[PDB]
Amino acid sequence: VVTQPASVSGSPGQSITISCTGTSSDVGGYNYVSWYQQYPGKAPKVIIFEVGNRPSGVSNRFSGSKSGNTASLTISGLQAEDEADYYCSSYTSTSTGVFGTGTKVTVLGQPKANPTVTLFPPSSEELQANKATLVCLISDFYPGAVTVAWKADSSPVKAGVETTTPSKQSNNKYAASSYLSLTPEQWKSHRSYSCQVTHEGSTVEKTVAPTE
Amino acid sequence: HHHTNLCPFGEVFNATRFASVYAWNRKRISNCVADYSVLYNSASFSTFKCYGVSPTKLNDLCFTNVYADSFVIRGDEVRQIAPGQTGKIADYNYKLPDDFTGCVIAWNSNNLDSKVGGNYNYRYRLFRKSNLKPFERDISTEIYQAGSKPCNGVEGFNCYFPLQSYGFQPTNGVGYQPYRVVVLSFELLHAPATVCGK
Amino acid sequence: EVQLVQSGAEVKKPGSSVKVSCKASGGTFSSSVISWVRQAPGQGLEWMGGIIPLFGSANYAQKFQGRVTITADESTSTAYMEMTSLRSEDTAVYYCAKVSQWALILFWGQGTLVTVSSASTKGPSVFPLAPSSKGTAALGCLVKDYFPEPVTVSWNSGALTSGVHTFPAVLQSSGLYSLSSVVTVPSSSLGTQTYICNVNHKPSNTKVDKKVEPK
Amino acid sequence: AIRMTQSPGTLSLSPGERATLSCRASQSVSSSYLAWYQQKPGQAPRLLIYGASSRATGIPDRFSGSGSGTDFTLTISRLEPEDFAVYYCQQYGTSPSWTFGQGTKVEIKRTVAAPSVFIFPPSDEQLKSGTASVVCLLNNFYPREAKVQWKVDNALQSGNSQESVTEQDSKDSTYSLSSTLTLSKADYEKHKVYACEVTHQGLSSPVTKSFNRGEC
Amino acid sequence: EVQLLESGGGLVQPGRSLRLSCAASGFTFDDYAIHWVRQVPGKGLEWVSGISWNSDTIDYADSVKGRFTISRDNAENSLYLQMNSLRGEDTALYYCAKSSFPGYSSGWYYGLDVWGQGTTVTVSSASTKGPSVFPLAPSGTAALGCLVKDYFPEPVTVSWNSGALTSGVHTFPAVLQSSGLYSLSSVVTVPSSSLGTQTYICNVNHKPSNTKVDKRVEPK
Ligand SMILES: *[C@@H]1O[C@H](CO[C@@H]2O[C@@H](C)[C@@H](O)[C@@H](O)[C@@H]2O)[C@@H](O[C@@H]2O[C@H](CO)[C@@H](O[C@@H]3O[C@H](CO)[C@@H](O)[C@H](O)[C@@H]3O)[C@H](O)[C@H]2NC(C)=O)[C@H](O)[C@H]1NC(C)=O
């Protein structure tokens with residue numbers, strides 16, 4: 001078990017440090033600690049080997065240190081191109097190597113964008129098939145974090161809820177979706193259903209009704 | 001010479017300069033006696049780990065041959081000079097057998113080997129195709145072709161020179177300071193015993 | 001910690017023998033090569049022989065194989081050099097030099113002066129070298145006919161040290177030593193300043209202060 | 001037996017220069033058992049180098065030893081006034097069998113200062129004892145080469161004079177010499193004019209200092 | 001150049017078997033050590049196995065030991081990670097990496113400088129399953145779309161008016177439902193005045209199930 005902070009954030013120009021704590025059989029016993037920078041959808045890149053020495057072509061803004069059982073990658077002068085995942089790694093007494101949990105490094109500064117939400121009632125074709133699916137589409141929002149809550153009239157809905165993990169679209173914004181499964185009897189029993197999309201403290205609520 | 005002599009341990013522990021670890025020096029000690037009390041009663045040592053022999057007992061034993069291997073390594077790399085240990089130095093530079101019998105002696109030598117501006121005379125081997133066998137020495141300086149293009153004997157993109165300097169400065173951390181290492185190998189075989197204590 | 005201490009200076013008459021001691025401290029005694037080095041006045045260093053206390057097997061240079069014996073006493077950490085049939089050519093300074101088997105450095109003693117002669121120890125006569133009347137003037141003291149070496153000469157009880165040239169002694173044909181000690185001073189202070197040379201000869205317990213006045 | 005021959009016998013250099021002293025061995029000698037010593041006059045030998053290249057405690061970095069096999073070298077990168085001395089090399093080892101080189105004297109090279117000459121008549125108290133000693137002084141000169149001729153009534157002397165030289169002064173790098181003519185009181189009173197003639201490079205002509213026996 | 005390419009991934013049922021392969025080029029494969037590393041999508045890395053240049057030394061992670069086996073053929077410059085007893089936890093993207101230097105553990109000493117692009121291995125009890133396409137009717141602009149519900153495996157491809165309508169089109173990432181099936185919806189935004197004028201048709205294509213559906217979307 002080699003533990004890293006789950007996420008580390010910072011503004012441009014600032015300096016951040018990722019920790020990497022291990023045992024005496026890994027980061028504590030051997031100076032063979034290596035850091036990797038992984039952009040979305042690409043292979044990891046060697047940034048640091050042996051705690052501090054950087055490969056040829058690596059920006060010298062990446063410094064590495066070690067104290068006891070804890071390695072530390074330091075990124076000075078955060079640039080937007082540093083927003084990636086960072087993984088430490090070390091040799092073990094078992095002659096193996098082990099990887100850290102990872103650290104999502106997010107360079108701040110981007111303006112928050114509230115999501116556009118569109119809620120669709122069950123199509124007449126699906127209700128005719130003895131099924132009902134409410135579709136709640138969430139797009140054009142940043143950062144990725146967002147919370148979705150469904151309501152039947154004014155009381156919460158328990159199950160039948162499937163929701164994406166937020167992912168980036170073409171204009172570097174996040175898009176997500178949530179699906180509520182219902183039987184056609186449950187749909188027409190309540191007067192309305194609501195999709196409550198909570199993102200960065202603000203809630204968007206769209207509502208559909210069987211009769212309207 | 002075949003008549004009671006002093007083991008020339010001086011030209012090992014006290015030499016002006018040591019050899020780089022990848023080209024570790026070995027001197028054979030035979031037919032002589034030595035007062036090992038001067039050794040195990042010395043306080044000038046930061047590492048004195050013996051395996052198979054008690055240190056304070058070296059005067060009561062006799063051996064067929066004694067081998068003294070000497071070199072300089074980093075401070076944090078000293079712990080690799082031990083049976084069963086692995087690492088850059090143990091895999092590619094100097095390797096002790098699992099069944100080693102002898103003692104591993106080490107002391108800080110920053111006062112002897114570091115220079116303002118960095119002393120780059122001491123080197124080590126970065127890599128080797130396979131790990132070193134116990135008591136195996138590799139002094140090859142052949143540039144390795146790790147790429148598609150032949151290297152023709154010059155450093156390049158994927159054309160690596162197998163050795164690299166340590167970079168000893170007086171202001172380095174202790175773990176990164178030079179340490180002089182001597183590896184005494186006591187061999188008790190079927191031959192008559194020659195190197196005794198007194 | 002290691003230190004070599006030799007016995008005091010001696011004066012032996014020709015034909016006799018002398019046994020110089022060398023006390024070592026530090027524990028590296030038994031496991032060492034303890035040699036004896038000799039230096040005649042005006043000559044270089046000469047290795048006489050050595051011994052290893054653990055073995056007691058001494059080795060000797062050919063020049064000293066006959067009259068020189070080197071022993072060792074592990075019980076007291078002391079080395080000895082005994083030379084018989086001493087001649088005036090054996091007058092020299094004798095050092096015990098030691099090499100420990102655990103190092104390459106050499107440990108030396110402070111040396112022992114052995115003067116070989118029969119012209120018995122004698123205090124020196126001190127005659128003035130008066131400054132001549134006819135910008136700087138020279139005055140001195142002639143320390144003549146003493147034995148053995150050495151003598152110490154100061155000027156005005158050490159208060160005058162500038163310009164003093166104390167020459168090394170010469171062994172006259174009489175077997176007694178002689179040296180001159182001079183000092184150059186301004187010619188204007190010859191009638192004002194008092195100059196007295198202080199000769200001390202410790203072997204004969206002789207202190208002589210002589211007042212050097214113009215003629 | 002192993003023979004250590006040093007080269008050159010004398011090394012004449014100026015302060016600030018680089019001194020290169022050689023020590024030749026008759027056989028191959030292990031570089032672990034070769035030493036260098038510095039000796040100033042009246043002092044015990046000072047261990048400079050041991051193990052061919054290790055500097056003893058307090059020895060400055062400008063002294064460096066090197067070599068192997070049979071050729072060993074002591075280099076002084078920049079000569080100080082205090083380094084002009086005699087230097088010996090020594091073969092040794094873990095066996096009682098050592099040898100020394102004959103030595104190399106490093107002395108200064110010359111800037112010209114002439115000697116100040118003084119002659120001293122024998123003291124009256126010495127003449128009460130039957131012996132007369134005439135002392136001729138050569139003061140604060142350089143280079144060491146100098147000639148002293150004793151002249152008694154313009155008759156050149158020989159065999160009755162002894163010379164003594166001080167070692168190169170640590171301050172002005174000069175030498176000083178004292179010649180002592182010795183005559184019996186009978187011979188001393190037989191003659192009137194006593195003179196010492198000094199020949200030296202710093203002198204355009206030989207300088208003569210004299211005195212007539214009996215004059216004040 | 002130095003290059004590593006992985007192949008042989010796809011879908012496999014729990015317990016079943018699958019073999020991966022790693023092709024090497026641009027370096028002497030005969031004297032290097034290669035490793036396998038896997039990555040849970042959306043999370044963090046984990047080491048799998050390693051093999052020396054002569055296969056004399058082989059190590060495995062404890063999560064895969066006894067189940068996994070590595071092997072190599074230096075004549076073909078190829079590395080193999082034979083896989084089975086596959087569990088749901090074994091679903092990941094599998095990398096093939098090495099260090100710049102020869103040496104078994106040299107990858108850990110100086111870092112793994114050359115990776116491959118990876119190969120996806122999906123462990124699900126999974127036969128193919130085609131999707132159902134429902135229209136999402138619109139109720140000075142309006143948003144309409146169509147729903148692609150319950151399918152397996154990835155991916156589906158959605159276009160509008162046979163690709164002629166690309167302005168305003170947003171096709172969303174799919175959900176992995178607890179049932180193990182995927183569901184996805186694509187939506188287009190069009191001006192309100194053209195609802196009774198223009199015809200809007202979404203073109204779904206799920207190649208695993210050979211599904212091709214053209215559903216027209218129009219006001220209620
Ligand atoms: C070669 O070995 C000599 C001798 O070492 C001494 O003798 C041996 C027989 C063993 O018994 C050793 O345990 C023993 O120390 C080394 O010379 C010694 O070096 C040390 C450390 O460099 C000196 O100690 C220092 O002294 C200074 C000033 O006095 C103090 O301020 C320090 O605190 C420190 O204690 C020691 O004086 C010195 N001894 C002599 C006699 O020179 C030598 O360093 C070594 N050389 C190499 C290259 O290994």
# chains A, B, ... in the order shown; residues from 1 in each chain; ligands from 1

call {"tool": "residues_around", "arguments": {"residues": "region 11-17 of chain E", "least_positions_apart": "3", "cutoff": "10 Å", "atoms": "only C-alpha atoms", "output": "mmCIF file with N, CA, C and O atoms, in the first residue's frame"}}
result
data_model
loop_
_atom_site.group_PDB
_atom_site.id
_atom_site.type_symbol
_atom_site.label_atom_id
_atom_site.label_comp_id
_atom_site.auth_asym_id
_atom_site.auth_seq_id
_atom_site.Cartn_x
_atom_site.Cartn_y
_atom_site.Cartn_z
ATOM 1 N N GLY E 8 -4.668 -8.310 -28.265
ATOM 2 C CA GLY E 8 -5.303 -9.483 -27.707
ATOM 3 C C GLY E 8 -6.293 -9.241 -26.589
ATOM 4 O O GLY E 8 -6.606 -10.186 -25.857
ATOM 5 N N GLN E 82 -0.542 -14.328 -20.923
ATOM 6 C CA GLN E 82 -1.526 -15.371 -20.653
ATOM 7 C C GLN E 82 -2.378 -15.026 -19.431
ATOM 8 O O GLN E 82 -1.836 -14.722 -18.364
ATOM 9 N N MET E 83 -3.708 -15.053 -19.567
ATOM 10 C CA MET E 83 -4.601 -14.633 -18.487
ATOM 11 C C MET E 83 -5.796 -15.569 -18.357
ATOM 12 O O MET E 83 -6.438 -15.890 -19.360
ATOM 13 N N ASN E 84 -6.117 -15.977 -17.119
ATOM 14 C CA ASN E 84 -7.432 -16.556 -16.822
ATOM 15 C C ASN E 84 -7.775 -16.597 -15.336
ATOM 16 O O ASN E 84 -7.168 -15.901 -14.509
ATOM 17 N N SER E 85 -8.759 -17.431 -15.004
ATOM 18 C CA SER E 85 -9.508 -17.308 -13.760
ATOM 19 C C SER E 85 -9.924 -15.859 -13.571
ATOM 20 O O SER E 85 -9.850 -15.323 -12.461
ATOM 21 N N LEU E 86 -10.351 -15.219 -14.653
ATOM 22 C CA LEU E 86 -10.546 -13.777 -14.642
ATOM 23 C C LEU E 86 -11.751 -13.401 -13.796
ATOM 24 O O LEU E 86 -12.834 -13.978 -13.939
ATOM 25 N N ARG E 87 -11.557 -12.423 -12.923
ATOM 26 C CA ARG E 87 -12.601 -11.887 -12.067
ATOM 27 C C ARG E 87 -13.028 -10.518 -12.579
ATOM 28 O O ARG E 87 -12.409 -9.942 -13.477
ATOM 29 N N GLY E 88 -14.107 -9.995 -11.993
ATOM 30 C CA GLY E 88 -14.524 -8.644 -12.324
ATOM 31 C C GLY E 88 -13.460 -7.609 -12.016
ATOM 32 O O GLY E 88 -13.361 -6.589 -12.703
ATOM 33 N N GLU E 89 -12.645 -7.858 -10.988
ATOM 34 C CA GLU E 89 -11.591 -6.919 -10.626
ATOM 35 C C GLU E 89 -10.466 -6.891 -11.647
ATOM 36 O O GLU E 89 -9.656 -5.959 -11.633
ATOM 37 N N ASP E 90 -10.396 -7.885 -12.526
ATOM 38 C CA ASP E 90 -9.350 -7.947 -13.535
ATOM 39 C C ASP E 90 -9.669 -7.124 -14.777
ATOM 40 O O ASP E 90 -8.854 -7.091 -15.704
ATOM 41 N N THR E 91 -10.821 -6.459 -14.818
ATOM 42 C CA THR E 91 -11.166 -5.585 -15.936
ATOM 43 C C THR E 91 -10.349 -4.301 -15.844
ATOM 44 O O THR E 91 -10.530 -3.515 -14.909
ATOM 45 N N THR E 120 -7.468 -3.057 -23.757
ATOM 46 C CA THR E 120 -8.571 -3.151 -22.813
ATOM 47 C C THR E 120 -9.048 -4.591 -22.679
ATOM 48 O O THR E 120 -9.291 -5.273 -23.680
ATOM 49 N N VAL E 121 -9.184 -5.046 -21.436
ATOM 50 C CA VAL E 121 -9.719 -6.363 -21.112
ATOM 51 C C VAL E 121 -10.945 -6.157 -20.235
ATOM 52 O O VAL E 121 -10.847 -5.569 -19.150
ATOM 53 N N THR E 122 -12.096 -6.636 -20.702
ATOM 54 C CA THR E 122 -13.372 -6.443 -20.023
ATOM 55 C C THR E 122 -13.905 -7.795 -19.572
ATOM 56 O O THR E 122 -14.094 -8.697 -20.396
ATOM 57 N N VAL E 123 -14.156 -7.928 -18.274
ATOM 58 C CA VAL E 123 -14.644 -9.168 -17.683
ATOM 59 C C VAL E 123 -16.110 -8.960 -17.327
ATOM 60 O O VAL E 123 -16.441 -8.345 -16.305
ATOM 61 N N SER E 124 -16.991 -9.486 -18.172
ATOM 62 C CA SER E 124 -18.422 -9.455 -17.937
ATOM 63 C C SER E 124 -19.019 -10.742 -18.497
ATOM 64 O O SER E 124 -18.448 -11.376 -19.395
ATOM 65 N N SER E 125 -20.167 -11.140 -17.922
ATOM 66 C CA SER E 125 -20.828 -12.402 -18.259
ATOM 67 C C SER E 125 -21.524 -12.347 -19.611
ATOM 68 O O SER E 125 -22.553 -12.972 -19.822
ATOM 69 N N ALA E 126 -20.881 -11.715 -20.567
ATOM 70 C CA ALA E 126 -21.564 -10.870 -21.523
ATOM 71 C C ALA E 126 -21.607 -11.465 -22.923
ATOM 72 O O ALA E 126 -20.562 -11.642 -23.562
ATOM 73 N N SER E 127 -22.813 -11.731 -23.396
ATOM 74 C CA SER E 127 -23.110 -11.872 -24.803
ATOM 75 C C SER E 127 -23.521 -10.509 -25.352
ATOM 76 O O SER E 127 -23.807 -9.572 -24.603
ATOM 77 N N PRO E 153 -21.720 -4.747 -26.206
ATOM 78 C CA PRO E 153 -20.804 -3.878 -25.459
ATOM 79 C C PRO E 153 -20.644 -2.526 -26.117
ATOM 80 O O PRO E 153 -21.341 -2.200 -27.073
#

call {"tool": "residues_around", "arguments": {"residues": "residue 80 (chain B)", "least_positions_apart": "5", "cutoff": "7 Å", "atoms": "only C-alpha atoms", "output": "list in words"}}
result
residues 85, 86, 87, 89 and 90 of chain B

call {"tool": "closest_atom_pairs", "arguments": {"of": "region 23-131 of chain C", "to": "region 21-39 of chain D", "cutoff": "12 Å", "atoms": "only C-alpha atoms", "output": "tab-separated table"}}
result
residue	atom	partner	partner_atom	distance
C:39	CA	D:39	CA	11.7
C:42	CA	D:39	CA	11.9
C:43	CA	D:39	CA	11.7
C:44	CA	D:39	CA	10.0
C:45	CA	D:37	CA	10.2
C:99	CA	D:33	CA	9.9
C:100	CA	D:33	CA	11.8
C:101	CA	D:33	CA	11.3
C:103	CA	D:32	CA	9.7
C:104	CA	D:33	CA	6.7
C:105	CA	D:35	CA	8.4
C:106	CA	D:35	CA	8.4
C:107	CA	D:35	CA	11.8
C:108	CA	D:37	CA	11.6

call {"tool": "residues_near_ligand", "arguments": {"ligand": "ligand 1", "cutoff": "7 Å", "atoms": "only C-alpha atoms and all ligand atoms", "output": "PyMOL selection string"}}
result
(chain B and resi 13-16+38+42-44+112) or (chain C and resi 2+28+100+102-105) or (chain D and resi 54+56-57)

call {"tool": "write_last_selection", "arguments": {"atoms": "C-alpha atoms", "output": "tab-separated table (two decimals), in the first residue's frame"}}
result
chain	number	residue	atom	x	y	z
B	13	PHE	CA	42.43	0.77	4.79
B	14	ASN	CA	44.88	3.66	4.58
B	15	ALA	CA	45.50	4.09	0.85
B	16	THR	CA	45.44	7.66	-0.42
B	38	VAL	CA	43.45	-2.74	16.25
B	42	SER	CA	38.70	1.20	16.33
B	43	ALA	CA	35.99	3.84	16.65
B	44	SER	CA	36.70	5.41	13.23
B	112	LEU	CA	39.09	12.57	1.65
C	2	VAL	CA	50.46	7.10	19.06
C	28	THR	CA	50.09	-0.35	17.84
C	100	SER	CA	51.86	0.15	11.97
C	102	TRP	CA	47.12	-0.93	9.82
C	103	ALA	CA	48.33	2.28	8.14
C	104	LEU	CA	50.92	3.63	5.71
C	105	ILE	CA	51.93	6.64	7.84
D	54	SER	CA	48.88	11.11	1.19
D	56	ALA	CA	50.52	14.39	6.54
D	57	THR	CA	48.59	16.54	9.01

call {"tool": "closest_atom_pairs", "arguments": {"of": "chain E", "to": "chain B", "cutoff": "8 Å", "atoms": "only C-alpha atoms", "output": "Markdown table"}}
result
| residue | atom | partner | partner_atom | distance |
| --- | --- | --- | --- | --- |
| E:1 | CA | B:148 | CA | 6.2 |
| E:2 | CA | B:147 | CA | 6.3 |
| E:26 | CA | B:148 | CA | 4.5 |
| E:27 | CA | B:147 | CA | 4.6 |
| E:28 | CA | B:146 | CA | 6.5 |
| E:31 | CA | B:129 | CA | 5.9 |
| E:32 | CA | B:129 | CA | 7.0 |
| E:53 | CA | B:129 | CA | 7.9 |
| E:100 | CA | B:146 | CA | 7.1 |
| E:101 | CA | B:127 | CA | 6.0 |
| E:102 | CA | B:129 | CA | 4.8 |
| E:103 | CA | B:129 | CA | 5.0 |
| E:104 | CA | B:130 | CA | 7.2 |
| E:106 | CA | B:127 | CA | 6.9 |
| E:109 | CA | B:88 | CA | 7.0 |

call {"tool": "write_last_selection", "arguments": {"atoms": "C-alpha atoms", "output": "PDB file, in the first residue's frame"}}
result
ATOM      1  CA  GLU E   1      12.136   4.485 -32.574  1.00  0.00           C
ATOM      2  CA  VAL E   2      11.518   2.459 -29.412  1.00  0.00           C
ATOM      3  CA  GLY E  26      13.512  -0.398 -32.210  1.00  0.00           C
ATOM      4  CA  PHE E  27      15.602  -1.954 -29.442  1.00  0.00           C
ATOM      5  CA  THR E  28      17.399  -5.195 -28.706  1.00  0.00           C
ATOM      6  CA  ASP E  31      18.640  -8.403 -23.487  1.00  0.00           C
ATOM      7  CA  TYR E  32      15.891  -6.258 -21.924  1.00  0.00           C
ATOM      8  CA  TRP E  53      15.676 -11.224 -20.729  1.00  0.00           C
ATOM      9  CA  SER E 100      15.775   2.536 -20.848  1.00  0.00           C
ATOM     10  CA  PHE E 101      18.465   0.151 -19.516  1.00  0.00           C
ATOM     11  CA  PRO E 102      18.852  -3.637 -19.513  1.00  0.00           C
ATOM     12  CA  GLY E 103      18.511  -5.217 -16.120  1.00  0.00           C
ATOM     13  CA  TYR E 104      15.645  -7.012 -14.417  1.00  0.00           C
ATOM     14  CA  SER E 106      16.533  -1.567 -13.700  1.00  0.00           C
ATOM     15  CA  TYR E 109      15.797   1.936 -10.323  1.00  0.00           C
TER      16      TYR E 109
END

call {"tool": "residues_around", "arguments": {"residues": "region 143-155 of chain D", "least_positions_apart": "3", "cutoff": "10 Å", "atoms": "only C-alpha atoms", "output": "MDAnalysis selection string"}}
result
chainID D and resid 107:115 134 136:138 140 158 160:161 163 165:168 173:181 188 190:202 206:208 210 212

call {"tool": "residues_around", "arguments": {"residues": "residue 18 (chain B)", "least_positions_apart": "2", "cutoff": "9 Å", "atoms": "only C-alpha atoms", "output": "list in words"}}
result
residues 12, 15, 16, 20, 21, 24, 25, 70, 71, 72, 122, 180 and 181 of chain B

call {"tool": "residues_around", "arguments": {"residues": "residue 190 (chain C)", "least_positions_apart": "5", "cutoff": "12 Å", "atoms": "only C-alpha atoms", "output": "list in words"}}
result
residues 130, 131, 132, 133, 135, 136, 137, 138, 139, 184, 185, 195, 212, 213, 214 and 215 of chain C

call {"tool": "select_by_dssp", "arguments": {"residues": "region 2-205 of chain C", "states": "strand (DSSP E)", "output": "JSON, numbers by chain"}}
result
{"C": [3, 4, 5, 6, 10, 11, 12, 18, 19, 20, 21, 22, 23, 24, 25, 32, 33, 34, 35, 36, 37, 38, 39, 46, 47, 48, 49, 50, 51, 59, 60, 68, 69, 70, 71, 72, 73, 78, 79, 80, 81, 82, 83, 92, 93, 94, 95, 96, 97, 98, 99, 100, 106, 107, 108, 112, 113, 114, 115, 116, 125, 126, 127, 128, 129, 136, 137, 138, 139, 140, 141, 142, 143, 144, 145, 146, 152, 153, 154, 155, 164, 165, 166, 170, 171, 177, 178, 179, 180, 181, 182, 183, 184, 185, 186, 196, 197, 198, 199, 200, 201]}

call {"tool": "interface_residues", "arguments": {"of": "chain D", "to": "chain B", "cutoff": "9 Å", "atoms": "only C-alpha atoms", "output": "PyMOL selection string"}}
result
chain D and resi 32-33+50-55+93-95

call {"tool": "write_last_selection", "arguments": {"atoms": "C-alpha atoms", "output": "mmCIF file, in the first residue's frame"}}
result
data_model
loop_
_atom_site.group_PDB
_atom_site.id
_atom_site.type_symbol
_atom_site.label_atom_id
_atom_site.label_comp_id
_atom_site.auth_asym_id
_atom_site.auth_seq_id
_atom_site.Cartn_x
_atom_site.Cartn_y
_atom_site.Cartn_z
ATOM 1 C CA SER D 32 51.966 2.161 -0.860
ATOM 2 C CA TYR D 33 55.351 2.277 0.936
ATOM 3 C CA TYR D 50 53.238 8.817 2.911
ATOM 4 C CA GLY D 51 51.758 6.180 0.652
ATOM 5 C CA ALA D 52 53.171 8.032 -2.386
ATOM 6 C CA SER D 53 50.518 10.758 -2.249
ATOM 7 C CA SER D 54 48.881 11.111 1.194
ATOM 8 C CA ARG D 55 49.640 14.449 2.859
ATOM 9 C CA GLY D 93 57.070 -1.552 3.984
ATOM 10 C CA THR D 94 55.716 -4.158 6.377
ATOM 11 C CA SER D 95 59.193 -5.744 6.615
#

call {"tool": "residues_around", "arguments": {"residues": "residue 154 (chain C)", "least_positions_apart": "2", "cutoff": "6 Å", "atoms": "only C-alpha atoms", "output": "PyMOL selection string"}}
result
chain C and resi 157-158+197-198

call {"tool": "interface_residues", "arguments": {"of": "chain A", "to": "chain E", "cutoff": "6 Å", "atoms": "only C-alpha atoms", "output": "JSON, numbers by chain"}}
result
{"A": [32, 34, 46, 49, 91, 98, 99, 101, 102, 164]}
